[PDB]
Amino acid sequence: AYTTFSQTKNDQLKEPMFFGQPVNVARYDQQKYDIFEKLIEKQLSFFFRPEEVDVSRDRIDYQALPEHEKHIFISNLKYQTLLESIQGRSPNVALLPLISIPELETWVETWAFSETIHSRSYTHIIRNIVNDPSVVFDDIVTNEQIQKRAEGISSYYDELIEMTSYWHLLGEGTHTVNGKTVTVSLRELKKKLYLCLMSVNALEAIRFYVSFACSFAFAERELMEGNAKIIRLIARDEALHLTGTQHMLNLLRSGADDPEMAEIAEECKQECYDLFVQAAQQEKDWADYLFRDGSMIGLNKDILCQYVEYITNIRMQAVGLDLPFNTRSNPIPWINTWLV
């Protein structure tokens, strides 16, 4: 029941962000929420060409790196590459079919597009510091540790997409598909979308930042200069992306958009909380692997765990959630030099 061009002349200013009439005309002279138009404008002004960044010095740096540091660096890079691969396609496949206002539709496509630029950035880096990129890329798919930390991301998107297909094909109600009873509840689908957004928020605001810290730790040593330049550019984008998800979530929570979503945000609160607690634990567990062959001065399991708790509290507070971790000061204030 999805359509690429709904023929009903509708007031796009009055549609809810999600689940309303599919967006027909793409206009940018007005919007229900100007924050999304502002985000589009900003992201477009941040467009960069990865391959333009000189990374020839990085090959020398990397090869000369102690084996355990090469492991730390490359393992971190492979994870970032994984996340970007997922983020380049997922926002589009999972959200586009459900958006009902033009500024949000285009913001999602712009956001997703910038993620593919980040992916291209990592190919540029990988291809220039390693001898055979295929070993790195292939390991991304395998490697239980990397998939372990990322566990739950693709699965959630997949479940939302599947439920969305059922909704578009069958509509609300209880159906019989190949002799099985299938229930399609719009309310449940909204919950799925809401929790998917919370998870994306955790991904954009926590998982990417924990990785940036590992990357910049080398930059602090005056190593991997090119990578550092690229990561700074990528981080600039992720800041816009999480600004976007925080706004989506807080606008839904406010009751100014779909009233049912405000009810859901309230009922889902514990699940929201749990999602962050789980994500944080995954980032922490990754330390055992990352530092399996040894750690670095200023970068080890304890420091990583403290940073994960530090940032998780900040991100959770931003979307109105209680803080699970004890409050603490930034364990790595040197990271600010590289961020925003």
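A residue's number is simply how far along the shown sequence it sits, counting from 1.
With 37 to 45 and 277 to 285 compared on mean CA B-factor from the PDB entry, the stretch scoring higher is 277 to 285. As recorded in the PDB entry, 61 to 69 is the stretch of 298 to 306 and 61 to 69 with the greater mean C-alpha temperature factor. You'll see in the entry that, of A26, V53, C272, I314, the Cα B factor peaks at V53.
Of all the options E204, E188, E266, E105, the entry's greatest CA B-factor is assigned to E266.
Placement of the Cα temperature factor of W111 within the chain: lowest third of the modelled residues, per the deposited record. In the PDB entry, a CA B factor belonging to the middle third of its chain's modelled residues is recorded for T183.
Ranked against the other modelled residues of its chain, the C-alpha B-factor of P91 as given in the entry falls in the lowest third. Split the chain's modelled residues into thirds by C-alpha temperature factor. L170 is in the middle one.
The entry lists a Cα temperature factor for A256 that places it in the middle third of the chain's modelled residues.
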